[PDB]
Structures are given as structure tokens and as C-alpha cells.
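# Understanding the architecture of this molecule
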Amino acid sequence: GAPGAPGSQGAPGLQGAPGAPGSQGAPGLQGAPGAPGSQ
Amino acid sequence: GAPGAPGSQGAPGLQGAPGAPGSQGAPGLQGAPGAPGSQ
Amino acid sequence: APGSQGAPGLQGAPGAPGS
Amino acid sequence: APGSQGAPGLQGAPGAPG
Amino acid sequence: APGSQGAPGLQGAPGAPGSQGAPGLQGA
Amino acid sequence: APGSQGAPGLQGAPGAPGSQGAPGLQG
Amino acid sequence: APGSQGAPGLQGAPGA
Amino acid sequence: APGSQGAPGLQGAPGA
Amino acid sequence: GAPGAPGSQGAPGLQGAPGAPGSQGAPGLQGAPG
Amino acid sequence: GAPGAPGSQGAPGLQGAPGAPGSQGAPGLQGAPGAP
Amino acid sequence: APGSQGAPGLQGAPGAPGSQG
Amino acid sequence: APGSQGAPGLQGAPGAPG
Amino acid sequence: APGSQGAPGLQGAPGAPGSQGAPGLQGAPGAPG
Amino acid sequence: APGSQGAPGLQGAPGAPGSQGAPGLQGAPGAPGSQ
Amino acid sequence: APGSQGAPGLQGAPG
Amino acid sequence: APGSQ
């Protein structure tokens, strides 16, 4: 009258869940007055 | 008969690596081009 | 992954310099 | 994907005084 | 709830300055 | 569960639909 | 920004 | 959106 | 075997016009200078 | 017994039908506004 | 599949003009 | 991840009088 | 169906049409003047 | 169904990248010159 | 593609 | 540019 021992292992990686944000990095400002054509 | 040994999964919550590192985005040029001399 | 960018052509005609 | 729809936007600037 | 798991619907609420403009340019 | 599956997220995309210098040649 | 194509500014307009 | 590299992309200050 | 071919259905693919396109409008066509 | 190709087959699933007009890119832009 | 990529408005050198104007 | 893709693009027309 | 299982097909040759012609980008400057 | 299907490949043409059509070559129309 | 962005005119400042 | 400097 004995059942088994279903000690289900864990997940070696499991829900690591990397953010996967995706690179938005946007250095996008050289807008300092670039010598405007007003001379 | 006797108990068992571990092992199971199917899909233990797939997550996905991070997206990427900050790009250069849309680097600007300047406020206005043409000349820096006095108008 | 959904990676969705090669080169957005990196500048749409930067500008028309006044001179 | 697209880089800010012509990233700068109206690059020559909208003079449009009036 | 067996439910599911999903990343946020979207980000915050940005957007306004940085496109283009020159209220004061005439270039005549 | 019907929980951590997005939802609250706003645009989070700054359209930045205006950049008016103003001081420049004439105007 | 992408999405506002066509003539989001004066473009052809030399000025005002 | 159309997701395009739009913007007016032109010049207008010294244009007129 | 083959009780009712459980889920032995057809596999339609990518209908419509796969190949996500997009409009593209750059700085407008330049005028004909004098 | 022995399912006849068990599971299911509803392949098409989601669909984007990306049948946008081939022009996609600015076809010919805007007729040259000739200026003085 | 490997995809989703962008390169939208991949201008390259649309105008690349000097002091033409 | 198609290996990104052909990305031949950067600044357009920096023309005008400048 | 032991036939095959690999998620093999990742898109294909025609792929992005990417015609990549550039009929004209900057050639004859429309008679700038 | 041992080896049921003949491993349908990339359902036709593999080789992701496209860039086919070459609408033109270069040189936006007009009149050449340093103007 | 290390060192591979010059699309418009990069490294072409003739001024 | 042929000028502006």
C-alpha cells in the first residue's frame, strides 16, 4: 500500500525572465547652434 | 512497486534574454547650420 | 526575440545649412 | 525600427515667420 | 487561476518636444 | 494567472513632436 | 517619431 | 503607425 | 488506432499578404529650381 | 486507440496579411515645386 | 523566426549635397 | 533576430547654401 | 508522426524585397540655378 | 506514421535576406551641377 | 560588422 | 561647403 516519491525537481534555469527591454539608447543631441547660416 | 525519480517540465516558463544595450539613437547635428560668424 | 532594427537610415536629410 | 521618422524632423527648421 | 504571464502593456506616457520648429526664423 | 500579463503600460514612446528653436536668421 | 510621415512640416515651403 | 523615416525633412528658415 | 484523427487538421499558413510592408515618406520631392 | 494524428492543426493562427501598397517608400515624392 | 528587424527609412545618403542651395 | 539585416543608411541631404 | 520536428523554416530567399535600387538619390540637382 | 512527413523544408525558398528589385541606380533626376 | 557605418558621407568632410 | 569660413 505504498505510493511513490514524486519529488518533482525544480527548474535549473526556471523563470530567469531576462527583461528583454531592447536597446533604446539614443544619443541624439548635437543641436548646439551649428553655426547657423545667418551671417 | 516502489517510488519514482524526479523529472518533468514541458515548458517551465520561457522568458527570453534581455533586449539590447543603449544604442546611439538619433544623434543630432546642431541648432542651425551655415556659419558661426556674426550676422 | 523581437529584435526590430538594422539601421533606420540614421538621418533623414540632416538639414539644409543656411550657408 | 524606424529612426524617429527622419530622426531630426524638419532639418532645415520651419522658418515660417508668419 | 492558471492564467498567464506577460510583460507590461506598454511604457509610461511620453512625447511632446524634440520634433521640429522655428517660430522666429525667416531666413530672408 | 490573469495577472502579470502587461496591462497598465502607457505609450512610453515620447513622440517629441515639437522642437522650435525660434531665434535664427530673420523671423 | 516614426509614423508622422508625408509633410509633418513645411518641407517644400521655402519659408512661411 | 506607418513607422517610417518621415518628418518634413526640408529647410525653411533662409528658404523664405 | 486513429480514433477520430484528433487534431489531424489542415495547417493553413500566413494568409493575406505576409511580409509586413510600411509607408515611407522622406523630405518631399524638391522643386524645379530656375 | 492510437490517435489519428493526435493534437490539432489550426496552423494559420494569428495573421498580419501585410498587403500594404508596394510603394511603401515615397513613390515619387511630391512634384518638384519649381521656385524662382 | 529570425526577423522583426528594422532599418526603416534607411536613408543611406538621401541628399548628401554640399552648399548647393 | 534575422541577424539584424541590411542597414545601409545615415544622413540625408546636408545641402542648401551650406 | 516521427517525420520531422525542428521548427526548420526561418523565412526565405525573397525575404525583404529591399529592392535597393536608388533610381535617383542625388544626381542632376533639378537645375538648381 | 514513422517519418510521417518528408520534413517540409522552409516551405519553398529559404535564405531570409531579400533586397530584390533595384528600382533604379542613383542620381535623382534634374540638371547636374554644383548648385 | 565592426567599423561599418558611413552611409551618407561619413569621413567625407571636405570643408 | 564652398564658403562660410
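Rules used in this analysis
Residues numbered from 1 in each chain as written, not as in the entry; some residues may be left out. Chains lettered and ligands numbered in written order. Part of a larger assembly, values for the part shown. Heavy atoms only, no water. Helix = DSSP H or I, 4+ residues; strand = E, 2+ residues; numbered from the N terminus. Buried < 20%, exposed > 50% of the residue type's maximum accessible area, 1.4 Å probe, protein only. Core = buried A, V, L, I, M, F, W, Y, C linked by side-chain atoms within 4.5 Å. Contact = heavy atoms within 4.5 Å. 1 Å grid on protein atoms, 1.4 Å probe; cavity = no way out; pocket = protein on both sides within 12 Å on 5 of 7 lines; lining within 4 Å. Points joined across faces, edges and corners; volume = space filled by probe spheres on them. Nonpolar A, V, L, I, M, F, W, Y, C, P; charged D, E, K, R; others polar. Buried area = accessible area lost by both parts, 1.4 Å probe. Salt bridge = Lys/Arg side-chain N within 4 Å of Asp/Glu carboxyl O. Polar contact = N/O pair within 3.5 Å; in protein donor to acceptor, adjacent residues only side chain to side chain.

Per the PDB record, the structure was determined using cryo-EM to 9.8 Å resolution.

Turning next to the overall build of chain A. A tally of helices and strands in chain A yields zero helices and zero strands. With the C-alpha coordinates of chain A rotated into their principal frame, the extents come out at 100 × 10 × 5 Å. By the burial criterion, 13% of the 39 residues in chain A qualify as buried.

Before going further, it helps to examine the nonpolar core. Core analysis: the largest hydrophobic core is formed by five residues, namely D:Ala13, E:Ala22, E:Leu25, F:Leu25 and H:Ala13. When near neighbours in sequence (up to four residues on either side) are disregarded, E:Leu25 contacts D:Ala13, D:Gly15, D:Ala16, D:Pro17, F:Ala22, F:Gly24, F:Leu25, F:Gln26, F:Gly27 and H:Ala13.

Let us now look at empty space enclosed by the protein. With the rule as written, the count across this model stands at one cavity of 30 Å³ or more. Within this model, the largest cavity holds a volume of roughly 70 Å³. For the largest cavity, the lining is made up of 14 residues, of which B:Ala32, B:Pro33, D:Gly12, F:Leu25 and H:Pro14 are closest to its centre. Here the residues of the lining of the largest cavity are counted per class, giving eight nonpolar, six polar and no charged.

This brings us to the interface of chain M and chain N. The interface of chain M with chain N comprises 31 residues on the first partner and 31 residues on the second. Summed over both sides, the interface of chain M with chain N buries roughly 2300 Å², with 55% coming from carbon and sulfur. On the chain M side of the interface with chain N, the three residues burying the most area are M:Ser19, M:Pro23 and M:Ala28, jointly 20% of the side's total. Here chain M is connected to chain N by zero salt bridges. At the boundary of chain M with chain N, the tally comes to 25 residue pairs in polar contact. A breakdown of the residues in the side of chain M that touches chain N according to their chemical character gives 15 nonpolar, 16 polar and no charged.

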